[PDB]
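Proteins get letters first, then strands, A, B, ... in listed order; numbering begins at 1 in each. Basis for what follows: all heavy atoms, side chains included, without hydrogens, waters or symmetry-related copies.
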Amino acid sequence: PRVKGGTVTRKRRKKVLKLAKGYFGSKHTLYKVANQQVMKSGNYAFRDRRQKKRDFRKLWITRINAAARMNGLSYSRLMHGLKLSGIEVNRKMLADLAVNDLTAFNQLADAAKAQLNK
Amino acid sequence: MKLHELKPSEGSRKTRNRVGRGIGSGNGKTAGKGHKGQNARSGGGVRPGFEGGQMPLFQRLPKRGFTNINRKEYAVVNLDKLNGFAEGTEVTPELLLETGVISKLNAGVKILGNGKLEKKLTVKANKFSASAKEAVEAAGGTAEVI
Amino acid sequence: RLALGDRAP
Amino acid sequence: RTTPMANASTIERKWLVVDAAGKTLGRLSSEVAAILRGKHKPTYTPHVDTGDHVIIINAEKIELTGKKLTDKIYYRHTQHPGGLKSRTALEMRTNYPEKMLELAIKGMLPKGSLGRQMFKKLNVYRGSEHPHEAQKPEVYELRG
Amino acid sequence: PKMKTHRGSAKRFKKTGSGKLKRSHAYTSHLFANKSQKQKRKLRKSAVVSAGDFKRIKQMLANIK
RNA sequence: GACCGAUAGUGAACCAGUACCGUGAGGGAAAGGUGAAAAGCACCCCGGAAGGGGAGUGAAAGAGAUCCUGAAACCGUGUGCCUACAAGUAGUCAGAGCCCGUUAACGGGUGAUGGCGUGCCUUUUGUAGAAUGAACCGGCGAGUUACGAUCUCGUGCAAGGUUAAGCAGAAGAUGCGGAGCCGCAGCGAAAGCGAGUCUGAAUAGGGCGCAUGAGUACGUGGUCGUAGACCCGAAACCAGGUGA
RNA sequence: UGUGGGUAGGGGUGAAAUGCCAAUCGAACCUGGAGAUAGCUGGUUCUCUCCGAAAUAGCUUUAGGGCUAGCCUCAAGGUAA
RNA sequence: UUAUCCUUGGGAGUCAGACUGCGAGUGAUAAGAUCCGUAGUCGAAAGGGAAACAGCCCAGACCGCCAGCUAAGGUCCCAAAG
RNA sequence: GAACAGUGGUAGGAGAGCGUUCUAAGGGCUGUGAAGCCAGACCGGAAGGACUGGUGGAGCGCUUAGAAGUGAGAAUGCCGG
RNA sequence: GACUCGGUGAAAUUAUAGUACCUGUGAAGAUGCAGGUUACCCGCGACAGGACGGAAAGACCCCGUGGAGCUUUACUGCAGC
Ligand SMILES: [K+]
Ligand SMILES: [K+]
Ligand SMILES: [K+]
Ligand SMILES: [K+]
Ligand SMILES: [K+]
Ligand SMILES: [K+]
Ligand SMILES: [K+]
Ligand SMILES: [K+]
Ligand SMILES: [K+]
Ligand SMILES: [K+]
Ligand SMILES: [K+]
Ligand SMILES: [K+]
Ligand SMILES: [K+]
Ligand SMILES: [K+]
Ligand SMILES: [Mg+2]
Ligand SMILES: [Mg+2]
Ligand SMILES: [Mg+2]
Ligand SMILES: [Mg+2]
Ligand SMILES: [Mg+2]
Ligand SMILES: [Mg+2]
Ligand SMILES: [Mg+2]
Ligand SMILES: [Mg+2]
Ligand SMILES: [Mg+2]
Ligand SMILES: [Mg+2]
Ligand SMILES: [Mg+2]
Ligand SMILES: [Mg+2]
Ligand SMILES: [Mg+2]
Ligand SMILES: [Mg+2]
Ligand SMILES: [Mg+2]
Ligand SMILES: [Mg+2]
Ligand SMILES: [Mg+2]
Ligand SMILES: [Mg+2]
Ligand SMILES: [Mg+2]
Ligand SMILES: [Mg+2]
Ligand SMILES: [Mg+2]
Ligand SMILES: [Mg+2]
Ligand SMILES: [Mg+2]
Ligand SMILES: [Mg+2]
Ligand SMILES: [Mg+2]
Ligand SMILES: [Mg+2]
Ligand SMILES: [Mg+2]
Ligand SMILES: [Mg+2]
Ligand SMILES: [Mg+2]
Ligand SMILES: [Mg+2]
Ligand SMILES: [Mg+2]
Ligand SMILES: [Mg+2]
Ligand SMILES: [Mg+2]
Ligand SMILES: [Mg+2]
Ligand SMILES: [Mg+2]
Ligand SMILES: [Mg+2]
Ligand SMILES: [Mg+2]
Ligand SMILES: [Mg+2]
Ligand SMILES: [Mg+2]
Ligand SMILES: [Mg+2]
Ligand SMILES: [Mg+2]
Ligand SMILES: [Mg+2]
Ligand SMILES: [Mg+2]
Ligand SMILES: [Mg+2]
Ligand SMILES: [Mg+2]
Ligand SMILES: [Mg+2]
Ligand SMILES: [Mg+2]
Ligand SMILES: [Mg+2]
Ligand SMILES: [Mg+2]
Ligand SMILES: [Mg+2]
């Protein structure tokens, strides 16, 4: 029996073009370039799901440093003091206090200062 | 069985491998042939026994011997097979052939001396090994040549 | 249209 | 998730006055770059400008160590052939002291569009006097 | 069509009981002045086809009993 | 008919060996589908007509002949979000603002700005490659089948296993058909001998065998052989013709 | 220079250039042998999982090919070598 | 202490290698040269560092996380941290 | 079911699957609207599979097994636009 | 001719392109990589420095146990004599 190509080809290609919605020009329109861009988008998104974790930790650290230096500590000294005082509140949480509850941040910072002055 | 619930014996049927049907299969593109050279080509490959021009093994070695036109092959029967007959049976080529003890007669029955014969028999055969003749006569029987 | 071509002999 | 992000609505810019007199060009500039970027603020957000405005007064009194006054050249190229032009740091400090500070800081800011926007919050003056009294700027004393 | 036996090989090899291939030795035609008696004594006896060679040639002798 | 269904199947579903090409031998296409029925749109209106808008017919006219369906490329009209200081393999992750409201989901569209980021394929020691291929979209387009061989797996029977042609029978199953084939014994060039045999003067030693037992028929799968043998591609060679 | 004729491809014709023989000439064109052959180049279409090389030796009218070995894999054994 | 190793059989691919370090030859103790030996990496390996940069340094990506500790390399600003 | 270990990969070996046309046997769906086509924010580890609405106007799934003209993005591929 | 208006209206090429410069880097000569430097958005007339621009699977050179034509005290044949 003969098997015509039939409908499988366009069904498969349509799915790629749907994933290419919002791409620029021919990249949302033409299968061969939409397909390359969707593939590339996969490699990027994998890479970027890892980078996202690096990037947020970088951001939190920046904010903790800013809040720390308003209490006369560098980020480095603060983190040393918090570790000595046994405090395991993480950078995401410290940076949240730094923005949202700075009085609480200052208590933690004052706890750190205590251990450093010992 | 039911024609709507047919099921092959487990391990009786496998799916064929289809090469050159995409990268996921592991035989896409080069269809398992690697890259270039004579072995990857359609119709390719050297003939069997060819060693790329080193003198082939068969040609390095000498022809030996000849074939005899008048070569005789006997249907051999060991004593163990005669043990299957009844006691006092006149065992012959025609009986051996009819019972299925031998498939093809060829040049004749020859009796050979492997195994043990308990039963007394009048064995009629074209040839006997010296062992077999002795063993037939030792069991009480007769080893007539025919 | 050249007599020989590019990087001629 | 939950990490707060500053935006145009949330952001509040102070005006600051930094006196350049007697300061080392690069040491002053590195600190000011950080203020224009907003690196001193706990709400620092990398995709918006959280920084403060900075006025620099006494730009012509900026200092340089070593033989830099004679030996630090400011090159530029006009994109015409042979169009490399040069000024020494002394020539810069004498006749273009505002540019001298603006170049140092511009080179210490991020390079694209937001960086270019961050530079617009800087204001550098030759003298001791600035025209931004109406912005009510506070003195900022440079750290280490 | 049926596979054809390689007739050259059939004239030189023989299948043993266990399915090895018996062969003669090379260097047994002439120039016996240049070979020691020990060599000549040993080359006189039959040998077996090597594993590497056997895999190369087994199909060429498939029909031989 | 576990054959094709309009790029398939004949070159040819159709006024096809036609049209067209060539002095000639010769080469050689494209092109199927209104509707159940023509009931194939009276009449009115714009227009020279074409073509439309109504009105009718019809189940349907967005079935009106370029007439079943009607994808994509490509061309337009409208507009929700964005866009005239910006350096861009065009995305991705972060992200306000604005606009929406779903197969109701830690939703959809858009995207100021920030970080990261040199297409795909082929071929290479190494290619973002300033190497190769692809204008785009669509369709078509490459390890097949026959007969042998061999191995694994499965099944039947098992020191046995098995029939071919043929005859009868649905173009069938199946019954009959034992001729033949493989296996149950090997060793030797051979005569031959035989659980041994060959070499050898040898009751020696050594080689190959036995002791140390499984095959065979069929099927699926892997690979090989003979066939174009995974597909496409020369320059050429030969034969018979056609041309001054 | 016209008209009518002649010579035909392992052949014609050539005041000779391998020129010309229907926009084809170091051997015309068409069809067939014919799916010639191509150790060369290109291409070979779904997915995920387990494992995972080589670019070396030897020989080769062999050197960008091949064959055996080495290195990979699957199965069955031996088993702990 | 570790889990390989051998045999038989089925199926391959490979026979253009590259650089780096170390030991030699050839060369001029030239070459990103060439040819061996030896280890590594690339090849067939993404991630971090060396601005960028197959072959160097660190290190082996089954997926997800807006958790944490470290390696090389770093901590004035670009750019995380003195 | 637990524990422990593992899960980069080209050539390539091995395994498990997805989908396509046809056939057989069950069983079904369909003018109260089949296939095809269009759209969507659904589902599955992938290949892929549904559901809803629109168009369409007569055919088509599902289960198990069988058989293959069975999957395309590249061939300066062929044909059409 | 070009240029402007009215009529008519091709082509080679083309992976998709929002398509600067310098120094560097890199398959060793970069619009696209790095670091800098510069640059508002869209055209029209002009010029060819670059896109190793287009065109033609380099004629040179090498390689293929590929051809063809030609030569001769290459080999083996054949006609003729
Ligand atoms: K293979
Ligand atoms: K046709
Ligand atoms: K971006
Ligand atoms: K080129
Ligand atoms: K013996
Ligand atoms: K069996
Ligand atoms: K087979
Ligand atoms: K084949
Ligand atoms: K001539
Ligand atoms: K080395
Ligand atoms: K429908
Ligand atoms: K194509
Ligand atoms: K290159
Ligand atoms: K130009
Ligand atoms: Mg197709
Ligand atoms: Mg396989
Ligand atoms: Mg593979
Ligand atoms: Mg491919
Ligand atoms: Mg290839
Ligand atoms: Mg190969
Ligand atoms: Mg940057
Ligand atoms: Mg002799
Ligand atoms: Mg059909
Ligand atoms: Mg049709
Ligand atoms: Mg047709
Ligand atoms: Mg005519
Ligand atoms: Mg309609
Ligand atoms: Mg109809
Ligand atoms: Mg229609
Ligand atoms: Mg500007
Ligand atoms: Mg703007
Ligand atoms: Mg750049
Ligand atoms: Mg190269
Ligand atoms: Mg090429
Ligand atoms: Mg091209
Ligand atoms: Mg000839
Ligand atoms: Mg004639
Ligand atoms: Mg005439
Ligand atoms: Mg001519
Ligand atoms: Mg032929
Ligand atoms: Mg592994
Ligand atoms: Mg190669
Ligand atoms: Mg070759
Ligand atoms: Mg091998
Ligand atoms: Mg080497
Ligand atoms: Mg080198
Ligand atoms: Mg390679
Ligand atoms: Mg490795
Ligand atoms: Mg790497
Ligand atoms: Mg980097
Ligand atoms: Mg690479
Ligand atoms: Mg910092
Ligand atoms: Mg891993
Ligand atoms: Mg159908
Ligand atoms: Mg196909
Ligand atoms: Mg195409
Ligand atoms: Mg590179
Ligand atoms: Mg360089
Ligand atoms: Mg350069
Ligand atoms: Mg380019
Ligand atoms: Mg060119
Ligand atoms: Mg180009
Ligand atoms: Mg070429
Ligand atoms: Mg020429």
Side-chain angles (χ1 to χ4, degrees), chain A residues 1-10 23-27 30-33 35-37 40-41 44-45 47-53 55-56 58 61-62 74-76 90 92, chain B residues 2-9 11-14 16-17 19-22 24-26 28-32 34-35 37-38 41-43 46 48 50-54 64-66 68 76 100 112-114 129, chain C residues 4-9, chain D residues 1-3 5 7-8 26-27 29-31 33-34 46-48 77 79 107-111 113-114 116, chain E residues 1-4 16-18 22 45-46 52-53 56 59 62:
Chain A
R2 177 165 179 260
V3 188
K4 288 169 99 296
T7 66
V8 298
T9 300
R10 62 141 283 295
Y23 294 182
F24 188 81
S26 296
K27 294 186 183 251
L30 309 182
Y31 171 64
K32 297 179 192 182
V33 298
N35 185 54
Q36 285 162 47
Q37 193 65 63
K40 205 90 163 71
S41 290
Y44 285 155
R47 175 204 70 180
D48 289 350
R49 279 187 309 265
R50 311 287 165 132
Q51 286 181 5
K52 177 167 55 144
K53 294 151 182 55
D55 285 5
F56 270 96
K58 169 176 174 175
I61 285 166
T62 296
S74 74
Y75 167 95
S76 292
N90 72 24
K92 183 183 172 179
Chain B
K2 299 188 170 191
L3 293 178
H4 56 275
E5 301 172 353
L6 297 176
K7 222 78 180 193
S9 171
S12 64
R13 304 190 151 244
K14 294 177 61 174
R16 69 193 298 168
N17 186 52
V19 298
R21 294 296 185 287
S25 63
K29 187 195 171 171
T30 55
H35 284 297
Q38 189 170 21
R41 305 303 180 190
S42 165
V46 299
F50 192 68
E51 309 198 28
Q54 172 166 275
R64 177 166 191 79
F66 73 103
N68 185 16
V76 302
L112 292 185
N114 207 16
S129 69
Chain C
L4 276 294
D6 311 331
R7 287 172 296 286
Chain D
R1 199 73 205 291
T2 53
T3 298
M5 295 285 180
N7 60 41
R27 298 193 175 261
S29 299
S30 64
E31 285 198 52
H47 69 273
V48 300
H77 197 292
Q79 303 190 70
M108 290 181 205
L109 289 171
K111 292 296 176 294
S113 175
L114 189 69
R116 289 187 299 263
Chain E
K2 295 185 174 171
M3 265 206 90
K4 298 211 167 175
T16 76
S18 88
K22 189 195 182 174
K45 299 310 191 74
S46 64
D53 295 308
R56 205 198 297 100
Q59 194 163 241

Query raised in the report: Does the F:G115 base have a donor-acceptor partner in the side chain of A:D55 within less than 3.5 Å?
Result: no
Report task. Could you check whether A:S76 gets within reach of a base, just the sugar-phosphate, or nothing at all, counting any heavy atom under 4.0 Å? Result -> sugar-phosphate
Requested in this report: For B:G37, answer base if it contacts any base atom (sugar-phosphate contacts may also be present), sugar-phosphate if it contacts only those atoms, and nothing otherwise; contact means non-hydrogen atoms under 4.0 Å.
Outcome: sugar-phosphate
Query raised in the report: Contact class for B:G28 vs. all strands (heavy atom < 4.0 Å): base, sugar-phosphate, or nothing?
Result: sugar-phosphate
Report summary line: The groove holding base atoms under 5.0 Å from any side-chain heavy atom of A:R47 is the minor
Query raised in the report: Between the base of H:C66 and the side chain of D:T3, is there any donor-acceptor pair under 3.5 Å?
Result: yes
Requested in this report: Can you tell me the distance, in whole Å, between the CG atom of A:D48 and the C1' atom of H:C65?
Outcome: 16 Å
Report task. For RNA chain J, just give me the dot-bracket, please: Watson-Crick or G-U, both distances below 3.5 Å, ( ) intra-strand, [ ] crossing earlier pairs, | paired with another strand, . unpaired. Result -> ..............|.(..[[[[[.....|).]]]]]............................................
Requested in this report: Describe the nucleic acid contact of A:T9 in one word from base, sugar-phosphate, nothing, applying a heavy-atom distance below 4.0 Å.
Outcome: sugar-phosphate
Report summary line: On a heavy-atom basis, the closest approach of A:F56 and D:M5 is CE2-CE, 3.7 Å
**Report entry** Check: B:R21 side chain, G:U45 base, donor-acceptor under 3.5 Å
**Finding:** yes
Query raised in the report: For B:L112, which contact category applies under a 4.0 Å heavy-atom criterion: base, sugar-phosphate, or nothing?
Result: base
Requested in this report: Establish whether the base of F:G95 is bridged to the side chain of D:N7 by a donor-acceptor pair shorter than 3.5 Å.
Outcome: no
Query raised in the report: Would you say the base of G:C67 and the side-chain of B:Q54 have a donor-acceptor pair closer than 3.5 Å?
Result: no
Requested in this report: Under the salt bridge (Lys or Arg N to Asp or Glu O under 4.0 Å) rule, what do E:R56 and E:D53 come out as? Steps first, then yes or no, please.
Outcome: CA-CA 5 Å; E:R56 205 198 297 100; E:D53 295 308; 3.0 Å; yes
